[PDB]
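Remarks on the structure that follows.
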Amino acid sequence: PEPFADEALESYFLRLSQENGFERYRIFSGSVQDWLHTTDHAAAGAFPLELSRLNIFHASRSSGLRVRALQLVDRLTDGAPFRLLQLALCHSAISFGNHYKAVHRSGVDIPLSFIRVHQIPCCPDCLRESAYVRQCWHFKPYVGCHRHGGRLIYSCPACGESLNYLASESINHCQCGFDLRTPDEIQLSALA
DNA sequence: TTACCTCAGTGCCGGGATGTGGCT
């Protein structure tokens with residue numbers, strides 16, 4: 001699978017597992033963690049399985065060991081040493097005022113508080129063209145979208161069941177639900 | 001009743017969370 005220019009790190013990895021047929025939990029644990037362990041023990045010890053936990057700004061001190069795991073993937077998938085690292089969210093070296101935590105992604109630093117940790121929404125009008133969870137949704141200051149007739153990002157309660165893509169890793173549909181093919185200022189607010 | 005006998009720091013404080021070691 002090739003990465004998209006605007007793709008989240010977790011989206012790419014989910015697609016990769018699935019592309020190789022590693023659809024189930026047990027093989028997700030396996031095709032990921034056990035292979036890493038058998039390369040070297042450190043690539044696995046630094047690598048918890050749950051998806052939310054995988055990104056750097058969720059991590060503690062042993063980041064370099066997690067990076068080594070990214071580097072093993074870079075070899076396995078015929079990559080480049082920074083192909084994935086250009087996508088990851090890391091600890092900024094810049095305080096952003098009053099000792100706040102701030103998070104750095106290839107040139108843009110966004111304060112910790114604007115990261116939309118829970119209830120990621122989606123836009124069916126773009127998902128039907130290329131189905132992968134995209135970046136710029138994880139931002140708190142971002143409702144609606146550019147293009148697509150505007151309107152609202154279709155929000156978490158799709159059908160009497162809260163949605164996201166991390167506690168339940170499907171893109172087109174989630175849990176009990178279906179394939180989701182379901183006021184004129186926010187399109188300016190959208191430009192983050 | 002009586003007689004006898006001695007030398008730019010620092011110091012708490014909450015709270016949700018990352019990670020680990022033992023049992024099955």
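Starting from 1 in every chain, residues are counted up; chains themselves are A, B, ... following the order of the structure tokens, and ligands are numbered from 1 as listed.
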Write out as a PyMOL selection string which residues come within 12 Å of residue 19 in chain B when counting only C-alpha atoms (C1' of nucleotides), dropping same-chain ones fewer than 5 positions away. chain A and resi 45-48+53+59-62
So which residues of range 86-185 of chain A fall under strand (DSSP E) by DSSP, listed as a short mmCIF file (atom, residue, chain, number, x, y, z; two decimals) with N, CA and C atoms, in the first residue's frame?
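Written file, states28.cif:
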data_model
loop_
_atom_site.label_atom_id
_atom_site.label_comp_id
_atom_site.auth_asym_id
_atom_site.auth_seq_id
_atom_site.Cartn_x
_atom_site.Cartn_y
_atom_site.Cartn_z
N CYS A 90 5.16 13.83 17.37
CA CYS A 90 6.12 13.69 18.47
C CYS A 90 6.12 14.85 19.47
N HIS A 91 6.96 14.76 20.50
CA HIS A 91 7.02 15.80 21.53
C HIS A 91 7.75 17.00 21.00
N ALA A 102 3.08 20.52 23.86
CA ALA A 102 2.66 20.76 22.48
C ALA A 102 3.16 19.64 21.58
N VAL A 103 2.41 19.28 20.55
CA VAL A 103 2.85 18.16 19.71
C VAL A 103 3.27 18.46 18.27
N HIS A 104 4.43 17.95 17.85
CA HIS A 104 5.06 18.29 16.55
C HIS A 104 4.95 17.31 15.38
N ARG A 105 4.35 17.71 14.27
CA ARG A 105 4.31 16.86 13.08
C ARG A 105 4.89 17.52 11.81
N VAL A 108 4.61 21.54 11.85
CA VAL A 108 3.51 22.24 12.46
C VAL A 108 3.36 21.74 13.88
N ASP A 109 3.36 22.65 14.85
CA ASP A 109 3.14 22.25 16.22
C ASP A 109 1.76 22.65 16.70
N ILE A 110 1.04 21.69 17.26
CA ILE A 110 -0.31 21.92 17.70
C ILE A 110 -0.36 21.58 19.18
N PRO A 111 -0.86 22.51 20.00
CA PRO A 111 -1.02 22.32 21.43
C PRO A 111 -1.77 21.05 21.77
#
Provide as a ChimeraX atom specification the residues of chain B at most 12 Å from chain A, counting only C-alpha atoms (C1' of nucleotides). /B:8,17-20
Dump N, CA and C atoms (P, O5', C5', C4', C3', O3' and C1' of nucleotides) for the selected residues as a PDB file, in the first residue's frame?
ATOM      1  P    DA B   8      15.529  30.013  31.486  1.00  0.00           P
ATOM      2  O5'  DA B   8      13.963  29.921  31.802  1.00  0.00           O
ATOM      3  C5'  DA B   8      13.288  31.024  32.392  1.00  0.00           C
ATOM      4  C4'  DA B   8      13.782  31.258  33.805  1.00  0.00           C
ATOM      5  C3'  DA B   8      13.499  30.130  34.775  1.00  0.00           C
ATOM      6  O3'  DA B   8      14.521  29.149  34.687  1.00  0.00           O
ATOM      7  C1'  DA B   8      13.052  32.259  35.776  1.00  0.00           C
ATOM      8  P    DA B  17      -7.360   7.662  30.576  1.00  0.00           P
ATOM      9  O5'  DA B  17      -5.823   7.240  30.502  1.00  0.00           O
ATOM     10  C5'  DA B  17      -4.829   8.240  30.339  1.00  0.00           C
ATOM     11  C4'  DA B  17      -3.448   7.668  30.588  1.00  0.00           C
ATOM     12  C3'  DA B  17      -3.210   6.283  29.987  1.00  0.00           C
ATOM     13  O3'  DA B  17      -2.066   6.309  29.156  1.00  0.00           O
ATOM     14  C1'  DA B  17      -2.516   6.355  32.258  1.00  0.00           C
ATOM     15  P    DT B  18      -1.912   5.257  27.953  1.00  0.00           P
ATOM     16  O5'  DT B  18      -0.425   4.708  28.132  1.00  0.00           O
ATOM     17  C5'  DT B  18       0.637   5.623  28.342  1.00  0.00           C
ATOM     18  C4'  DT B  18       1.842   4.926  28.938  1.00  0.00           C
ATOM     19  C3'  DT B  18       2.168   3.561  28.326  1.00  0.00           C
ATOM     20  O3'  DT B  18       3.559   3.478  28.069  1.00  0.00           O
ATOM     21  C1'  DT B  18       2.045   3.383  30.661  1.00  0.00           C
ATOM     22  P    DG B  19       4.140   2.302  27.145  1.00  0.00           P
ATOM     23  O5'  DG B  19       4.738   1.259  28.196  1.00  0.00           O
ATOM     24  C5'  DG B  19       5.676   1.697  29.171  1.00  0.00           C
ATOM     25  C4'  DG B  19       5.689   0.762  30.365  1.00  0.00           C
ATOM     26  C3'  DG B  19       5.798  -0.720  30.020  1.00  0.00           C
ATOM     27  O3'  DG B  19       7.153  -1.149  30.139  1.00  0.00           O
ATOM     28  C1'  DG B  19       4.253  -0.281  31.837  1.00  0.00           C
ATOM     29  P    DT B  20       7.539  -2.693  29.914  1.00  0.00           P
ATOM     30  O5'  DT B  20       7.379  -3.340  31.368  1.00  0.00           O
ATOM     31  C5'  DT B  20       7.988  -2.716  32.492  1.00  0.00           C
ATOM     32  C4'  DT B  20       7.560  -3.391  33.784  1.00  0.00           C
ATOM     33  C3'  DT B  20       7.759  -4.911  33.816  1.00  0.00           C
ATOM     34  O3'  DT B  20       8.428  -5.297  35.014  1.00  0.00           O
ATOM     35  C1'  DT B  20       5.550  -4.358  34.445  1.00  0.00           C
TER      36       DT B  20
END
Can you tell me which residues surround range 126-142 of chain A at a distance of at most 10 Å, considering only C-alpha atoms (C1' of nucleotides), apart from same-chain residues fewer than 5 positions away, and format the answer as a PyMOL selection string? chain A and resi 3-12+14-15+87+110+113-121+147-148+153+165+170-172+179-181+186-192
Near range 36-41 of chain A, counting only C-alpha atoms (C1' of nucleotides), which residues have an atom at most 10 Å away, once you skip same-chain residues fewer than 6 positions from it, shown as a list in words? residues 30, 47, 65, 68, 69, 70, 72 and 73 of chain A
Expected answer as a PyMOL selection string: helix (DSSP H, G or I) residues in range 32-138 of chain A: chain A and resi 32-39+41-45+52-54+56-58+63-76+112-114+124-127
